[PDB]
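Listed next as structure tokens is one chain, alone, in the form deposited without phthalic acid.
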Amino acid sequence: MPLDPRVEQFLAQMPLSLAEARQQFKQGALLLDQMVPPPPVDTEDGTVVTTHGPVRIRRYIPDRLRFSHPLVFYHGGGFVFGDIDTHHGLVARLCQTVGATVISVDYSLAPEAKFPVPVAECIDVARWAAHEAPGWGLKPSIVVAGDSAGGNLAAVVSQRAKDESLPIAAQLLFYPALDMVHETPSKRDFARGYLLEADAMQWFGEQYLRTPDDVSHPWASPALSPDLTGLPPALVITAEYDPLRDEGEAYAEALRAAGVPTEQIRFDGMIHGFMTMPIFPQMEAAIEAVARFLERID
């Protein structure tokens, strides 16, 4: 299907120390939010005590509460970039459109923290949210969610949830990274020129992983896990022109065949990252998909 016209324009108009690279990523996110301002939303900043230290969070409170579980959201950025501010545009809209309380998580970034530290942190935050939920008037079971590297974390938390005695009602994976071992067709076909590139992915792995062997660890590559039975209901959103497309869709098929209630949606014409790029109407369409999916959980 042709590249979406606005996407095509965005790519055509695209033109460092670690600190500078992080600031650049932050500046781009700011520019997009200036172009398409987020909805106003009540928020509260907090800090959760994890097994690897304090992790800042931001709780988003909907104008009108309509969903009975808290959402715990883990931002993307290759494990190296991003924060609660870079993903505010997405989270504010998830909050208000779903009518859900959302916990956005500022997990520890690489290379300063290495695999599997943020996985541990993300579990600890999920556990905290489950314990708080009754006092917010909610069910203790949580929904985990994330984009890209954040979708990785969400998928891994979900695979660990039973073992960690963590009640999870659903998982929302937005163009996740799931298999660091295998090349897929999309990974070859869209390797360069679609925002998320091959070289960047390599560099992200070099920052996050301890050694090259970690690629086969199931907490890095959750698509490798042989037993997906009994995992939480899954919404897997992919972009057509994304190197990570094929691994995301393959995992959705594997979940489905393992009896996990699964919705798999490819947004045609789109690229990696589109759900934090509000210049594209498909971002809000995908958020509507989330709301529709979550309507069916209870």
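Each residue number is its position in the shown sequence, starting from 1.
The following text describes the form solved in complex with phthalic acid, which does not appear among the structures shown.
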May I ask you to choose, among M180, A100, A130, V91, the residue with a heavy atom within 4.5 Å of phthalic acid in the bound PDB entry? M180
So which of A161, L71, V119, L196 gets a non-hydrogen atom within 4.5 Å of phthalic acid in the bound PDB entry? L196
Quick check for you: of 222-230, 120-128, 72-80, 162-170, which stretch puts a non-hydrogen atom within 4.5 Å of phthalic acid in the bound PDB entry? 72-80
4.5 Å heavy atom contact, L244 to phthalic acid in the bound PDB entry: yes
With a cut-off of 4.5 Å between heavy atoms, is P140 one of the residues that contacts phthalic acid in the bound PDB entry? no
Give a yes or no for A191: in the bound PDB entry, does one of its heavy atoms lie within 4.5 Å of a heavy atom belonging to phthalic acid? no
Contact flag, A113 vs phthalic acid in the bound PDB entry, heavy atom cut 4.5 Å: no
Which residues within 116-151 place at least one heavy atom within 4.5 Å of phthalic acid in the bound PDB entry? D147, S148, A149
